[PDB]
Amino acid sequence: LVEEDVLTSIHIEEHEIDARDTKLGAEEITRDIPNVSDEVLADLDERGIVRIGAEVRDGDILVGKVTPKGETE
Amino acid sequence: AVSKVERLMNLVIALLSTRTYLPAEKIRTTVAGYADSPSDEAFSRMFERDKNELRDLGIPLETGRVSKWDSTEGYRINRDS
DNA sequence: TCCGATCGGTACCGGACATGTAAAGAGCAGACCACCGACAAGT
DNA sequence: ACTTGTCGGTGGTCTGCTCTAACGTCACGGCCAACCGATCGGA
(Lines give C-alpha, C1' and ligand atoms only; values in the text may rest on other atoms or scores of the structure.)
Protein backbone atom coordinates (compact mmCIF):
# COMPACT_ATOMS: atom_id res chain seq x y z
CA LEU A 1 0.00 0.00 0.00
CA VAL A 2 2.85 2.40 0.80
CA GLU A 3 4.99 1.36 -2.18
CA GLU A 4 2.29 1.62 -4.86
CA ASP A 5 0.52 4.72 -3.45
CA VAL A 6 -2.77 2.88 -2.97
CA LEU A 7 -3.88 4.83 0.11
CA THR A 8 -2.30 8.19 -0.75
CA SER A 9 -4.09 11.54 -0.45
CA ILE A 10 -3.15 15.12 -1.31
CA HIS A 11 -3.74 17.85 1.28
CA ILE A 12 -3.46 21.56 0.48
CA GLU A 13 -2.83 24.19 3.16
CA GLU A 14 -3.28 27.96 2.78
CA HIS A 15 -1.10 30.54 4.56
CA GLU A 16 -2.02 34.23 4.46
CA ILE A 17 -0.36 37.38 5.81
CA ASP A 18 -1.54 40.98 5.53
CA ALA A 19 0.32 44.30 5.81
CA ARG A 20 -2.35 46.67 7.09
CA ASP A 21 -2.10 50.40 7.84
CA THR A 22 -0.97 51.00 11.42
CA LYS A 23 -1.18 54.12 13.56
CA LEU A 24 2.55 54.16 14.34
CA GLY A 25 3.68 53.58 10.76
CA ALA A 26 3.20 51.81 7.45
CA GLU A 27 3.77 48.09 6.90
CA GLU A 28 5.72 47.03 3.81
CA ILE A 29 6.34 43.50 2.51
CA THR A 30 9.90 43.14 1.21
CA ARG A 31 12.96 40.93 1.61
CA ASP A 32 14.84 43.19 4.02
CA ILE A 33 14.79 40.88 7.08
CA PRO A 34 17.49 42.74 9.06
CA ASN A 35 18.58 39.87 11.35
CA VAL A 36 19.07 36.60 9.45
CA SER A 37 21.81 34.67 7.67
CA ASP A 38 22.34 34.57 3.89
CA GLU A 39 21.13 31.03 3.11
CA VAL A 40 17.60 31.65 4.42
CA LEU A 41 16.69 34.03 1.57
CA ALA A 42 17.79 31.67 -1.22
CA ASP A 43 14.24 30.77 -2.30
CA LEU A 44 12.77 34.29 -2.16
CA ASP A 45 12.23 36.26 -5.37
CA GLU A 46 12.79 39.99 -5.91
CA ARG A 47 9.51 40.94 -4.18
CA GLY A 48 10.20 38.93 -1.02
CA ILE A 49 7.99 35.87 -1.59
CA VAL A 50 8.92 32.26 -2.27
CA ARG A 51 8.98 30.89 -5.81
CA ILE A 52 6.31 28.57 -7.17
CA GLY A 53 7.44 24.96 -6.91
CA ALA A 54 10.09 25.57 -4.25
CA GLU A 55 9.85 23.06 -1.41
CA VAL A 56 9.52 24.64 2.04
CA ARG A 57 10.46 22.85 5.27
CA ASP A 58 9.46 23.64 8.85
CA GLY A 59 10.66 27.07 9.93
CA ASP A 60 11.37 28.34 6.41
CA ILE A 61 10.36 31.88 5.46
CA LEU A 62 7.37 32.11 3.12
CA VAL A 63 6.61 35.85 3.03
CA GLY A 64 8.97 38.49 4.38
CA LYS A 65 7.13 41.38 6.04
CA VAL A 66 8.81 44.14 8.03
CA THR A 67 6.67 46.40 10.22
CA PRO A 68 7.70 49.60 12.03
CA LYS A 69 8.57 49.17 15.70
CA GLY A 70 8.51 52.76 16.98
CA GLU A 71 10.67 54.57 19.49
CA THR A 72 11.77 52.10 22.18
CA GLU A 73 14.35 52.31 24.97
CA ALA B 1 25.80 75.15 27.81
CA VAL B 2 25.63 74.21 24.11
CA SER B 3 26.74 76.45 21.26
CA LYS B 4 24.19 77.47 18.65
CA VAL B 5 26.09 75.76 15.82
CA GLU B 6 26.14 72.49 17.76
CA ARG B 7 22.42 72.84 18.50
CA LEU B 8 21.59 73.40 14.83
CA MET B 9 23.79 70.47 13.79
CA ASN B 10 22.04 68.20 16.30
CA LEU B 11 18.63 69.39 15.09
CA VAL B 12 19.41 68.82 11.41
CA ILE B 13 20.96 65.40 12.09
CA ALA B 14 17.93 64.34 14.13
CA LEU B 15 15.55 65.53 11.41
CA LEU B 16 17.52 63.81 8.63
CA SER B 17 17.97 60.48 10.42
CA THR B 18 14.31 60.20 11.51
CA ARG B 19 11.93 58.64 8.98
CA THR B 20 8.78 59.86 10.78
CA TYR B 21 7.52 63.34 11.60
CA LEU B 22 8.51 64.60 15.05
CA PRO B 23 6.41 67.02 17.12
CA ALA B 24 7.87 69.94 19.04
CA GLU B 25 7.72 68.21 22.43
CA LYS B 26 9.79 65.23 21.25
CA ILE B 27 12.44 67.56 19.81
CA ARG B 28 12.48 69.52 23.08
CA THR B 29 12.94 66.37 25.16
CA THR B 30 15.40 64.52 22.89
CA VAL B 31 17.64 66.98 21.02
CA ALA B 32 20.30 68.51 23.27
CA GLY B 33 20.28 72.26 23.86
CA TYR B 34 16.48 72.53 24.14
CA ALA B 35 16.39 71.29 27.76
CA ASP B 36 17.64 74.60 29.24
CA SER B 37 14.63 76.70 28.21
CA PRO B 38 13.13 78.40 31.30
CA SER B 39 9.62 78.42 29.80
CA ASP B 40 7.67 76.71 27.05
CA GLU B 41 7.09 80.00 25.21
CA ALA B 42 10.83 80.74 25.20
CA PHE B 43 11.53 77.29 23.77
CA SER B 44 8.87 77.79 21.09
CA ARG B 45 10.36 81.15 20.10
CA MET B 46 13.88 79.69 19.97
CA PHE B 47 12.72 76.73 17.89
CA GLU B 48 10.85 79.01 15.48
CA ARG B 49 13.94 81.19 15.07
CA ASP B 50 16.17 78.16 14.45
CA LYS B 51 13.70 76.68 11.96
CA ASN B 52 13.48 80.00 10.10
CA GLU B 53 17.27 80.22 9.98
CA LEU B 54 17.56 76.66 8.64
CA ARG B 55 14.84 77.29 6.05
CA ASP B 56 16.68 80.43 4.93
CA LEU B 57 19.70 78.25 4.04
CA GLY B 58 17.68 76.21 1.52
CA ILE B 59 17.09 73.05 3.56
CA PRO B 60 13.67 71.68 2.45
CA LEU B 61 11.86 71.04 5.72
CA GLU B 62 8.49 69.31 5.35
CA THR B 63 5.66 69.74 7.85
CA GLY B 64 2.84 67.24 8.25
CA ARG B 65 0.83 65.20 10.70
CA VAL B 66 2.67 62.71 12.90
CA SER B 67 0.26 59.95 11.85
CA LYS B 68 -2.94 59.50 9.88
CA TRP B 69 -4.66 58.76 13.22
CA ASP B 70 -3.18 61.77 15.06
CA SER B 71 -3.67 65.52 14.74
CA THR B 72 -0.35 66.95 15.97
CA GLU B 73 2.00 68.20 13.26
CA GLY B 74 5.60 67.06 12.89
CA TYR B 75 8.82 67.93 11.09
CA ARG B 76 10.84 65.92 8.58
CA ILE B 77 13.58 66.65 6.04
CA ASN B 78 13.30 64.78 2.75
CA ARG B 79 16.55 63.00 1.94
CA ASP B 80 15.90 63.00 -1.81
CA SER B 81 15.51 66.78 -2.01
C1' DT C 1 -52.39 21.19 57.37
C1' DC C 2 -51.88 22.16 52.38
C1' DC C 3 -49.51 24.37 48.21
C1' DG C 4 -48.15 27.92 44.47
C1' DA C 5 -43.11 30.32 44.24
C1' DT C 6 -38.33 30.27 44.21
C1' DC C 7 -33.59 28.49 44.06
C1' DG C 8 -29.86 24.64 43.63
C1' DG C 9 -28.00 21.24 40.44
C1' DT C 10 -27.44 18.46 35.60
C1' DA C 11 -19.05 14.40 33.17
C1' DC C 12 -14.65 14.87 30.56
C1' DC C 13 -10.40 15.62 26.27
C1' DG C 14 -10.33 17.35 21.29
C1' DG C 15 -12.46 22.34 18.15
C1' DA C 16 -14.44 27.34 17.31
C1' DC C 17 -13.89 32.42 16.53
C1' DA C 18 -15.37 39.18 15.68
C1' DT C 19 -23.02 43.27 14.75
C1' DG C 20 -25.95 45.50 11.04
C1' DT C 21 -28.30 52.38 13.25
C1' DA C 22 -28.35 57.47 13.24
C1' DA C 23 -34.80 62.88 12.30
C1' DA C 24 -30.08 68.48 12.82
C1' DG C 25 -27.89 73.30 12.50
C1' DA C 26 -25.79 77.77 14.01
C1' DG C 27 -23.29 81.30 17.06
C1' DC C 28 -19.65 82.15 20.45
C1' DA C 29 -15.70 81.00 23.11
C1' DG C 30 -11.41 78.46 24.93
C1' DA C 31 -6.76 75.92 24.26
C1' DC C 32 -2.74 75.00 21.24
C1' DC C 33 0.42 75.45 17.23
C1' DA C 34 2.77 77.28 12.69
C1' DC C 35 3.99 81.72 10.77
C1' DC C 36 5.77 86.12 12.23
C1' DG C 37 7.10 92.11 13.98
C1' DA C 38 10.25 94.72 18.33
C1' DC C 39 14.49 95.30 22.13
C1' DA C 40 17.99 95.34 25.32
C1' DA C 41 21.68 92.29 27.45
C1' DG C 42 25.13 88.65 27.04
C1' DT C 43 28.24 86.41 23.69
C1' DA D 1 28.78 91.76 14.64
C1' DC D 2 25.46 87.49 16.51
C1' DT D 3 22.17 85.59 19.43
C1' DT D 4 18.29 85.03 22.91
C1' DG D 5 14.59 85.78 26.79
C1' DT D 6 10.51 88.58 26.87
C1' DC D 7 6.38 90.69 24.49
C1' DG D 8 2.42 90.86 21.24
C1' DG D 9 -0.54 89.40 16.59
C1' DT D 10 -2.96 86.16 12.70
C1' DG D 11 -5.18 82.30 11.23
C1' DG D 12 -6.16 77.54 11.40
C1' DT D 13 -7.85 73.28 13.98
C1' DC D 14 -9.91 70.63 17.80
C1' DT D 15 -13.16 70.93 21.57
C1' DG D 16 -17.28 72.45 24.41
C1' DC D 17 -21.50 75.20 25.69
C1' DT D 18 -26.08 77.56 24.65
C1' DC D 19 -29.93 78.34 21.65
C1' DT D 20 -33.91 77.48 18.27
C1' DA D 21 -41.06 79.54 19.90
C1' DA D 22 -47.78 77.08 15.21
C1' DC D 23 -49.40 72.28 17.90
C1' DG D 24 -47.62 68.22 19.75
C1' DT D 25 -48.71 64.92 26.48
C1' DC D 26 -48.84 57.79 30.32
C1' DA D 27 -43.94 52.09 25.39
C1' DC D 28 -44.30 47.49 23.06
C1' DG D 29 -42.75 42.86 23.66
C1' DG D 30 -42.79 38.93 25.60
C1' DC D 31 -39.68 34.54 26.52
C1' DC D 32 -41.58 30.80 28.51
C1' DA D 33 -42.33 26.24 26.21
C1' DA D 34 -36.61 20.83 30.78
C1' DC D 35 -36.75 17.89 35.26
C1' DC D 36 -36.24 16.75 40.15
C1' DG D 37 -35.57 18.00 44.85
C1' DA D 38 -35.60 21.17 49.01
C1' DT D 39 -37.27 25.28 51.51
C1' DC D 40 -39.77 29.59 52.98
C1' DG D 41 -44.11 32.19 52.95
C1' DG D 42 -49.72 32.47 52.56
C1' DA D 43 -54.55 30.39 52.86
# chains A, B, ... in the order shown; residues from 1 in each chain; ligands from 1
>>> select_by_dssp(residues="chain B", states="alpha helix (DSSP H)", output="number ranges by chain")
B: 4-17, 24-30, 40-56
>>> residues_around(residues="residue 43 (chain C)", least_positions_apart="3", cutoff="12 Å", atoms="only C-alpha atoms (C1' of nucleotides)", output="list in words")
residues 3 and 4 of chain B; 1, 2, 3 and 4 of chain D
>>> interface_residues(of="chain B", to="chain D", cutoff="9 Å", atoms="only C-alpha atoms (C1' of nucleotides)", output="VMD selection string")
chain B and resid 4 38 42 46 71
>>> atom_distance(atom1="CA of residue 77 (chain B)", atom2="CA of residue 59 (chain B)")
7.7 Å
>>> closest_residue(among="B:58, B:75, B:44, B:70", to="residue 11 (chain B)", atoms="only C-alpha atoms")
B:75
>>> residues_around(residues="region 14-29 of chain A", least_positions_apart="5", cutoff="9 Å", atoms="only C-alpha atoms (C1' of nucleotides)", output="short mmCIF file (atom, residue, chain, number, x, y, z; two decimals) with N, CA, C and O atoms, in the first residue's frame")
data_model
loop_
_atom_site.label_atom_id
_atom_site.label_comp_id
_atom_site.auth_asym_id
_atom_site.auth_seq_id
_atom_site.Cartn_x
_atom_site.Cartn_y
_atom_site.Cartn_z
N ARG A 47 10.54 40.27 -4.97
CA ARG A 47 9.51 40.94 -4.18
C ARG A 47 9.36 40.36 -2.78
O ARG A 47 8.46 40.79 -2.05
N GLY A 48 10.20 39.42 -2.38
CA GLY A 48 10.20 38.93 -1.02
C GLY A 48 9.30 37.75 -0.74
O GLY A 48 9.01 37.48 0.43
N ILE A 49 8.84 37.04 -1.77
CA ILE A 49 7.99 35.87 -1.59
C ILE A 49 8.68 34.67 -2.22
O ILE A 49 9.53 34.80 -3.10
N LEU A 62 8.25 32.07 4.29
CA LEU A 62 7.37 32.11 3.12
C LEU A 62 7.25 33.53 2.57
O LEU A 62 7.57 33.79 1.41
N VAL A 63 6.78 34.46 3.41
CA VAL A 63 6.61 35.85 3.03
C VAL A 63 7.37 36.71 4.03
O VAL A 63 7.19 36.56 5.24
N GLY A 64 8.21 37.61 3.52
CA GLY A 64 8.97 38.49 4.38
C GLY A 64 8.33 39.85 4.55
O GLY A 64 8.35 40.67 3.63
N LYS A 65 7.76 40.10 5.73
CA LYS A 65 7.13 41.38 6.04
C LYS A 65 7.87 42.05 7.18
O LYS A 65 8.17 41.41 8.20
N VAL A 66 8.15 43.33 7.02
CA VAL A 66 8.81 44.14 8.03
C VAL A 66 7.87 45.28 8.42
O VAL A 66 7.41 46.03 7.56
N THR A 67 7.57 45.38 9.71
CA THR A 67 6.67 46.40 10.22
C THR A 67 7.42 47.36 11.13
O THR A 67 8.36 46.97 11.82
N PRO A 68 7.03 48.64 11.14
CA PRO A 68 7.70 49.60 12.03
C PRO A 68 7.52 49.23 13.49
O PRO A 68 6.47 48.72 13.91
N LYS A 69 8.56 49.49 14.28
CA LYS A 69 8.57 49.17 15.70
C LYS A 69 8.28 50.37 16.59
O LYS A 69 7.68 50.21 17.66
N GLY A 70 8.68 51.57 16.17
CA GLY A 70 8.51 52.76 16.98
C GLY A 70 9.70 53.03 17.87
O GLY A 70 10.69 52.30 17.90
N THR B 20 10.14 59.47 10.44
CA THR B 20 8.78 59.86 10.78
C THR B 20 8.78 61.29 11.31
O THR B 20 9.78 61.77 11.85
N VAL B 66 1.84 63.80 12.41
CA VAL B 66 2.67 62.71 12.90
C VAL B 66 2.17 61.38 12.36
O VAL B 66 2.96 60.52 11.94
N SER B 67 0.86 61.18 12.35
CA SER B 67 0.26 59.95 11.85
C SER B 67 -1.11 60.27 11.27
O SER B 67 -1.70 61.31 11.56
N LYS B 68 -1.61 59.35 10.44
CA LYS B 68 -2.94 59.50 9.88
C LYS B 68 -4.02 59.43 10.95
O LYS B 68 -5.14 59.90 10.71
N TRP B 69 -3.71 58.87 12.11
CA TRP B 69 -4.66 58.76 13.22
C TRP B 69 -4.40 59.79 14.31
O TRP B 69 -5.02 59.70 15.38
N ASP B 70 -3.51 60.75 14.07
CA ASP B 70 -3.18 61.77 15.06
C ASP B 70 -3.24 63.14 14.40
O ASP B 70 -3.09 63.28 13.18
#
